[PDB]
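Chemist: Sharing structure-v4.cif here; it has mmCIF, C-alpha atoms.
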```cif
data_input
#
loop_
_atom_site.label_atom_id
_atom_site.label_comp_id
_atom_site.auth_asym_id
_atom_site.auth_seq_id
_atom_site.Cartn_x
_atom_site.Cartn_y
_atom_site.Cartn_z
CA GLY I 23 -38.68 47.05 -119.00
CA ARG I 24 -38.58 49.91 -116.51
CA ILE I 25 -38.79 50.10 -112.71
CA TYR I 26 -41.23 52.66 -111.31
CA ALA I 27 -40.71 54.15 -107.83
CA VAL I 28 -44.09 55.56 -106.76
CA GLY I 29 -44.64 58.05 -103.95
CA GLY I 30 -43.07 57.54 -100.55
CA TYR I 31 -41.80 59.95 -97.91
CA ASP I 32 -38.60 61.96 -98.30
CA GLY I 33 -38.15 62.84 -94.63
CA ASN I 34 -40.17 66.08 -94.87
CA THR I 35 -42.99 65.47 -97.39
CA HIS I 36 -45.30 62.71 -98.55
CA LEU I 37 -44.65 62.43 -102.28
CA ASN I 38 -46.87 62.27 -105.34
CA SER I 39 -43.83 62.18 -107.67
CA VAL I 40 -42.87 59.04 -109.60
CA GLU I 41 -39.48 58.13 -111.08
CA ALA I 42 -38.70 55.44 -113.67
CA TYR I 43 -35.42 53.51 -113.94
CA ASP I 44 -33.97 52.33 -117.25
CA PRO I 45 -31.29 49.62 -116.79
CA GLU I 46 -29.85 50.13 -120.29
CA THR I 47 -28.81 53.66 -119.36
CA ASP I 48 -28.62 53.29 -115.53
CA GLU I 49 -30.61 56.43 -114.94
CA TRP I 50 -33.79 57.50 -113.19
CA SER I 51 -36.11 60.12 -114.64
CA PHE I 52 -39.41 61.58 -113.50
CA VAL I 53 -42.67 60.55 -115.15
CA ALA I 54 -46.11 62.02 -114.51
CA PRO I 55 -46.94 62.49 -110.80
CA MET I 56 -49.97 61.04 -109.11
CA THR I 57 -52.80 63.33 -108.06
CA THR I 58 -52.59 62.29 -104.40
CA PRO I 59 -49.34 62.02 -102.41
CA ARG I 60 -48.97 58.52 -100.97
CA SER I 61 -46.46 56.97 -98.63
CA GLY I 62 -46.91 53.38 -97.51
CA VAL I 63 -48.51 52.77 -100.92
CA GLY I 64 -48.99 49.40 -102.60
CA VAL I 65 -48.13 49.16 -106.29
CA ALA I 66 -49.14 46.44 -108.77
CA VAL I 67 -48.92 45.99 -112.54
CA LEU I 68 -51.87 44.50 -114.41
CA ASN I 69 -52.67 44.56 -118.13
CA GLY I 70 -50.23 47.32 -119.03
CA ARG I 71 -51.20 49.61 -116.19
CA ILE I 72 -49.60 50.42 -112.84
CA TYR I 73 -51.97 50.70 -109.90
CA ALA I 74 -51.13 52.82 -106.85
CA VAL I 75 -53.30 51.47 -104.03
CA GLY I 76 -53.98 53.27 -100.77
CA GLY I 77 -51.24 54.88 -98.72
CA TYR I 78 -51.14 57.98 -96.55
CA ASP I 79 -51.18 61.52 -97.89
CA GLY I 80 -49.86 63.28 -94.77
CA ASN I 81 -53.34 63.84 -93.27
CA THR I 82 -55.44 60.83 -94.28
CA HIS I 83 -55.11 57.08 -94.73
CA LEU I 84 -56.36 56.45 -98.24
CA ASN I 85 -58.83 54.12 -99.89
CA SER I 86 -58.35 55.77 -103.29
CA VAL I 87 -56.59 54.02 -106.19
CA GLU I 88 -54.91 55.54 -109.25
CA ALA I 89 -53.88 53.81 -112.48
CA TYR I 90 -50.98 54.87 -114.68
CA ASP I 91 -50.97 54.38 -118.45
CA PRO I 92 -47.38 54.62 -119.75
CA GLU I 93 -48.59 55.22 -123.32
CA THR I 94 -50.21 58.51 -122.33
CA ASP I 95 -48.06 59.24 -119.22
CA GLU I 96 -51.26 59.88 -117.26
CA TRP I 97 -52.64 58.84 -113.87
CA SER I 98 -56.40 58.40 -113.41
CA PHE I 99 -58.53 57.41 -110.42
CA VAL I 100 -60.28 54.04 -110.56
CA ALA I 101 -62.71 52.57 -108.03
CA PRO I 102 -61.65 53.04 -104.38
CA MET I 103 -61.37 50.19 -101.94
CA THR I 104 -63.92 49.86 -99.18
CA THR I 105 -61.33 50.14 -96.40
CA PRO I 106 -58.53 52.76 -96.33
CA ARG I 107 -55.10 51.13 -96.10
CA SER I 108 -51.60 52.45 -95.65
CA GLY I 109 -48.68 50.08 -95.30
CA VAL I 110 -50.70 47.75 -97.58
CA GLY I 111 -49.27 44.87 -99.60
CA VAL I 112 -50.44 44.50 -103.19
CA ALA I 113 -50.18 41.51 -105.54
CA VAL I 114 -51.60 40.41 -108.89
CA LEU I 115 -52.85 36.86 -109.44
CA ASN I 116 -55.05 35.56 -112.29
CA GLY I 117 -56.31 38.91 -113.52
CA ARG I 118 -57.09 40.40 -110.12
CA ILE I 119 -55.25 42.80 -107.82
CA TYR I 120 -55.22 41.86 -104.14
CA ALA I 121 -54.91 44.53 -101.45
CA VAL I 122 -53.65 42.74 -98.32
CA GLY I 123 -53.71 44.08 -94.78
CA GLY I 124 -52.53 47.58 -93.95
CA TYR I 125 -53.66 50.20 -91.44
CA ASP I 126 -56.89 52.21 -91.77
CA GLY I 127 -56.00 54.97 -89.31
CA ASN I 128 -57.40 53.19 -86.24
CA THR I 129 -56.81 49.45 -86.82
CA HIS I 130 -54.19 47.11 -88.24
CA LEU I 131 -56.01 44.98 -90.76
CA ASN I 132 -56.25 41.33 -91.64
CA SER I 133 -58.89 41.97 -94.31
CA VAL I 134 -58.11 41.48 -98.01
CA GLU I 135 -59.84 43.04 -101.01
CA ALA I 136 -59.64 41.96 -104.66
CA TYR I 137 -59.98 44.25 -107.68
CA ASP I 138 -61.49 43.24 -111.02
CA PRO I 139 -60.40 45.78 -113.68
CA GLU I 140 -63.11 44.66 -116.12
CA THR I 141 -65.93 45.53 -113.67
CA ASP I 142 -63.87 48.25 -111.87
CA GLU I 143 -64.95 46.79 -108.55
CA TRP I 144 -63.30 45.79 -105.28
CA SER I 145 -64.68 42.91 -103.22
CA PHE I 146 -63.64 41.30 -99.96
CA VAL I 147 -62.13 37.81 -99.97
CA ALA I 148 -61.08 35.66 -97.01
CA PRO I 149 -59.13 37.58 -94.33
CA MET I 150 -55.77 36.47 -93.09
CA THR I 151 -55.42 35.07 -89.59
CA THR I 152 -53.02 37.75 -88.41
CA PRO I 153 -53.43 41.51 -88.94
CA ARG I 154 -50.45 42.91 -90.85
CA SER I 155 -49.47 46.45 -91.75
CA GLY I 156 -46.11 47.07 -93.39
CA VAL I 157 -46.55 43.61 -94.95
CA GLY I 158 -44.69 42.34 -98.02
CA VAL I 159 -46.72 40.46 -100.60
CA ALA I 160 -45.64 38.36 -103.56
CA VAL I 161 -47.11 35.78 -105.91
CA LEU I 162 -45.47 32.44 -106.65
CA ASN I 163 -46.94 29.38 -108.37
CA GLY I 164 -50.57 30.34 -107.95
CA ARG I 165 -50.40 31.50 -104.35
CA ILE I 166 -50.15 34.93 -102.70
CA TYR I 167 -47.69 35.12 -99.81
CA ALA I 168 -48.15 37.70 -97.05
CA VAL I 169 -44.76 38.07 -95.37
CA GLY I 170 -44.13 39.61 -91.96
CA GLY I 171 -45.65 42.95 -91.05
CA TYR I 172 -46.86 44.41 -87.76
CA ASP I 173 -50.06 43.31 -86.03
CA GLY I 174 -50.46 46.29 -83.71
CA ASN I 175 -48.41 44.71 -80.92
CA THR I 176 -45.56 42.72 -82.44
CA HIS I 177 -43.38 42.71 -85.53
CA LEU I 178 -44.02 39.43 -87.29
CA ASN I 179 -41.88 36.65 -88.71
CA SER I 180 -44.94 34.57 -89.68
CA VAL I 181 -45.95 34.09 -93.32
CA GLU I 182 -49.39 33.16 -94.70
CA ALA I 183 -50.23 31.87 -98.18
CA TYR I 184 -53.53 32.43 -100.00
CA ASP I 185 -55.04 29.86 -102.37
CA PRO I 186 -57.72 31.44 -104.61
CA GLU I 187 -59.22 28.05 -105.53
CA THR I 188 -60.25 27.50 -101.87
CA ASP I 189 -60.39 31.18 -100.76
CA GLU I 190 -58.24 30.25 -97.76
CA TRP I 191 -55.09 31.53 -96.04
CA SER I 192 -52.69 29.02 -94.46
CA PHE I 193 -49.48 29.54 -92.52
CA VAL I 194 -46.24 28.43 -94.15
CA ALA I 195 -42.76 28.37 -92.62
CA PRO I 196 -41.89 31.55 -90.67
CA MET I 197 -38.84 33.65 -91.38
CA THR I 198 -35.97 33.66 -88.90
CA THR I 199 -36.13 37.43 -88.40
CA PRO I 200 -39.35 39.41 -87.77
CA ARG I 201 -39.74 42.14 -90.38
CA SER I 202 -42.22 44.95 -90.81
CA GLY I 203 -41.78 47.40 -93.66
CA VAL I 204 -40.23 44.53 -95.61
CA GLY I 205 -39.81 44.35 -99.39
CA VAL I 206 -40.72 41.08 -101.09
CA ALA I 207 -39.87 39.88 -104.60
CA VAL I 208 -40.04 36.62 -106.52
CA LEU I 209 -37.14 35.48 -108.68
CA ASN I 210 -36.51 32.03 -110.18
CA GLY I 211 -38.81 30.08 -107.92
CA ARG I 212 -37.83 31.78 -104.69
CA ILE I 213 -39.38 34.54 -102.61
CA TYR I 214 -36.93 37.10 -101.19
CA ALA I 215 -37.70 39.05 -98.02
CA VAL I 216 -35.50 42.16 -98.14
CA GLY I 217 -34.78 44.43 -95.20
CA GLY I 218 -37.47 45.65 -92.85
CA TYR I 219 -37.56 46.37 -89.13
CA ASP I 220 -37.49 43.69 -86.44
CA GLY I 221 -38.71 45.89 -83.60
CA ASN I 222 -35.21 46.92 -82.48
CA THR I 223 -33.13 47.27 -85.65
CA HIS I 224 -33.52 48.37 -89.25
CA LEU I 225 -32.34 45.39 -91.29
CA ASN I 226 -29.91 44.82 -94.12
CA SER I 227 -30.44 41.04 -93.99
CA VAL I 228 -32.26 39.12 -96.74
CA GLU I 229 -33.99 35.73 -96.52
CA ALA I 230 -35.03 33.49 -99.42
CA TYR I 231 -37.96 31.08 -99.32
CA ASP I 232 -38.06 27.84 -101.27
CA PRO I 233 -41.66 26.55 -101.46
CA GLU I 234 -40.45 23.02 -102.39
CA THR I 235 -38.73 22.62 -98.96
CA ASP I 236 -40.92 25.19 -97.08
CA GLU I 237 -37.70 26.66 -95.69
CA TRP I 238 -36.24 30.18 -95.35
CA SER I 239 -32.48 30.74 -95.61
CA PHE I 240 -30.31 33.84 -95.37
CA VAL I 241 -28.61 35.07 -98.54
CA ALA I 242 -26.16 37.96 -98.90
CA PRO I 243 -27.17 41.10 -96.96
CA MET I 244 -27.44 44.50 -98.57
CA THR I 245 -24.84 47.15 -97.82
CA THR I 246 -27.41 49.59 -96.40
CA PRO I 247 -30.17 48.64 -93.92
CA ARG I 248 -33.60 49.49 -95.32
CA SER I 249 -37.06 49.45 -93.82
CA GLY I 250 -39.99 50.73 -95.82
CA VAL I 251 -38.04 49.56 -98.87
CA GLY I 252 -39.52 48.90 -102.32
CA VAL I 253 -38.43 45.76 -104.16
CA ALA I 254 -38.80 44.77 -107.81
CA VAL I 255 -37.40 42.18 -110.22
CA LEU I 256 -36.19 43.05 -113.72
CA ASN I 257 -33.89 41.18 -116.14
CA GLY I 258 -32.87 38.61 -113.54
CA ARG I 259 -31.93 41.03 -110.77
CA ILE I 260 -33.71 42.16 -107.60
CA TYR I 261 -33.70 45.90 -106.99
CA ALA I 262 -33.96 47.30 -103.47
CA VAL I 263 -35.19 50.89 -103.82
CA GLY I 264 -35.03 53.59 -101.16
CA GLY I 265 -36.19 52.96 -97.62
CA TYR I 266 -34.99 54.19 -94.24
CA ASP I 267 -31.75 53.04 -92.57
CA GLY I 268 -32.59 54.20 -89.04
CA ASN I 269 -31.17 57.72 -89.48
CA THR I 270 -31.81 58.71 -93.10
CA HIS I 271 -34.47 58.34 -95.76
CA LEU I 272 -32.70 56.87 -98.75
CA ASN I 273 -32.47 57.55 -102.46
CA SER I 274 -29.88 54.81 -103.00
CA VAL I 275 -30.72 51.63 -104.92
CA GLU I 276 -29.00 48.24 -104.74
CA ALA I 277 -29.28 45.34 -107.19
CA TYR I 278 -28.94 41.66 -106.30
CA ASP I 279 -27.53 39.00 -108.63
CA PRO I 280 -28.63 35.55 -107.39
CA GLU I 281 -25.95 33.72 -109.41
CA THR I 282 -23.12 35.60 -107.67
CA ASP I 283 -25.09 36.17 -104.42
CA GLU I 284 -24.00 39.80 -104.42
CA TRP I 285 -25.61 43.22 -103.95
CA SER I 286 -24.21 46.24 -105.82
CA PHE I 287 -25.20 49.89 -105.97
CA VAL I 288 -26.76 51.30 -109.14
CA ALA I 289 -27.80 54.89 -109.88
CA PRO I 290 -29.69 56.57 -107.01
CA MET I 291 -33.05 58.19 -107.47
CA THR I 292 -33.33 61.96 -107.35
CA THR I 293 -35.71 61.98 -104.37
CA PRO I 294 -35.25 59.96 -101.16
CA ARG I 295 -38.25 57.67 -100.62
CA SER I 296 -39.22 55.45 -97.71
CA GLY I 297 -42.59 53.70 -97.77
CA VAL I 298 -42.21 53.69 -101.56
CA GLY I 299 -44.12 51.42 -103.94
CA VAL I 300 -42.14 49.81 -106.74
CA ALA I 301 -43.24 47.91 -109.82
CA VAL I 302 -41.90 46.79 -113.19
CA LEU I 303 -43.59 47.47 -116.50
#
```
Could the structure of this file be written out as structure tokens, please?
Modeler:
Amino acid sequence: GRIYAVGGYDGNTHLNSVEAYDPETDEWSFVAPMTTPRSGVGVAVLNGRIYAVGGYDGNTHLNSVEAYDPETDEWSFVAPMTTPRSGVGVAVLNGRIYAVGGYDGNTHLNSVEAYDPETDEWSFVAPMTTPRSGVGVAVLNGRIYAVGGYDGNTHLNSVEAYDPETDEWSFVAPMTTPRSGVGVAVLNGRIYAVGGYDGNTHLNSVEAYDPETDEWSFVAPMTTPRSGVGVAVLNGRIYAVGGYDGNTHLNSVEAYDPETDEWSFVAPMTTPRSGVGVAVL
């Protein structure tokens, strides 16, 4: 019932600090920091633990992975991925964590690795067609969606969906606007693509995907443009956390109500964070 903002970049330093948001009180507080600073980190929740996957520590693109236990307020390393990835998208489906795309320091990646917490092992699955760093990933009705990103040459509006029964990626309908550094969340049967960068502009626009019609539509924009934004869903609202508006790394946080189609500000974090990972536990 809390939102965790993990790592990121405050405009001067890559962060290992972590803050947690309580909606009952509308306040952020620090929890235990990670061992390794990570911006462009992917964050997933599985079986009562938060996983911080990859990222960039200011000198190295990371293949290491840390797990947070809220009962002990402790981070521990688990098995590393084979390939280092910053700007990686992370999703959980059927008891596995998927690390999707990213950048390894030399190459934008279309490879995908899956983590089994019981064996503490990563293994490769089918790669996507298009390489994507700064990709947003979400899970809806048994599929993983890889949304937008940057392939090394172009900012992408294409979207691919992964079916674990067939181990295959397939394109679905593209967004209207290309977005890298996009935040993606699932709420009430729709995927929301929040913010990002289209190659010329940092975005405050938001598009919603309905898988029944295979169509994207614009919804209300946020007040502040945000690329490198973290997005999470809690108690029926979507939270857009931090990011970069084109001039400033942000500690502000906006919440979206789909019934009113409105964004409103909530309490800001203490530390500005772009390239931040966000998850709900």
Chemist: I'd like to know which of I:68, I:302, I:84, I:131 is closest to residue 118 of chain I, using only C-alpha atoms.
Modeler: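 Residue with the minimum atom-to-atom distance to residue 118 of chain I: I:68.
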Chemist: Contacts between segment 250-269 of chain I and segment 106-146 of chain I, please, where a residue of segment 106-146 of chain I counts if it comes within 12 Å (with all atoms listed in the file); show its shortest atom pair and distance in Å to one decimal, rows by chain and ascending number, as CSV.
Modeler:
```
residue,atom,partner,partner_atom,distance
I:108,CA,I:250,CA,11.7
I:109,CA,I:250,CA,8.7
I:110,CA,I:250,CA,11.3
I:111,CA,I:252,CA,10.9
I:112,CA,I:252,CA,11.8
```
Chemist: Taking the file as shown, what set of residues would the PyMOL selection byres ((chain I and resi 87) around 12) give back, as a ChimeraX atom specification?
Modeler: /I:56-60,63-66,72-78,83-86,88-90,97-108,112,119,121,137,139,142-144
Chemist: Could you tell me which residues the PyMOL selection byres ((chain I and resi 133) around 7) grabs in this file, written as a ChimeraX atom specification?
Modeler: /I:122-123,131-132,134-135,149-150
Chemist: From the options I:294, I:218, I:33, I:127, which residue's atoms come nearest to residue 248 of chain I, counting all atoms listed in the file?
Modeler: I:218
Chemist: Fewer than 4 positions away in the same chain doesn't count, so skip those; otherwise give me all residues within 8 Å of segment 35-45 of chain I, counting only C-alpha atoms, as a list in words.
Modeler: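 Result of the neighbour search: residues 23, 24, 25, 26, 27, 28, 29, 30, 31, 49, 50, 51, 52, 53, 54, 55, 56, 57, 58, 59, 60, 61, 78, 79, 80 and 291 of chain I.
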Chemist: Can you tell me which residues surround residue 154 of chain I at a distance of at most 6 Å, considering only C-alpha atoms, apart from same-chain residues fewer than 2 positions away, and format the answer as a list in words?
Modeler: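 In the requested form, the answer reads residues 123, 124, 131, 157, 171, 172 and 173 of chain I.
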Chemist: Can you pull out the residues contacting residue 176 of chain I? Cut-off 12 Å, using all atoms listed in the file, and skip same-chain residues under 5 positions away; I want them as a PyMOL selection string.
Modeler: chain I and resi 130+152-156+170-171+200-202+219-222
Chemist: For this structure, which residues satisfy the selection - the PyMOL selection byres ((chain I and resi 190-195) around 9) - when it is evaluated on the file as given? I want them as a list in words.
Modeler: residues 147, 148, 149, 150, 151, 166, 167, 180, 181, 182, 183, 184, 185, 186, 187, 188, 189, 196, 197, 231, 233, 236, 237 and 238 of chain I
Chemist: How big is the axis-aligned box around the listed atoms of segment 39-47 of chain I once 5 Å is added on each side, and where is its centre? Give both in Å to one decimal, as AutoDock Vina command-line options.
Modeler:
```
--center_x -36.3 --center_y 55.9 --center_z -114.0 --size_x 25.0 --size_y 22.6 --size_z 22.6
```
Chemist: Using atom CA of residue 215 of chain I and atom CA of residue 246 of chain I as the two end points, give the distance in Å to one decimal.
Modeler: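 These two atoms are separated by 14.8 Å.
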Chemist: Enter the distance from atom CA of residue 230 of chain I to atom CA of residue 212 of chain I, in Å, rounded to one decimal.
Modeler: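 These atoms are spaced 6.2 Å apart.
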Chemist: Could you check the closest approach to residue 164 of chain I for each of I:113, I:206, I:225, I:216 and tell me which residue wins, using only C-alpha atoms?
Modeler: I:113
Chemist: I:174, I:117, I:211, I:92: which is nearest residue 136 of chain I, counting all atoms listed in the file?
Modeler: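 For residue 136 of chain I, the nearest of the given residues is I:117.
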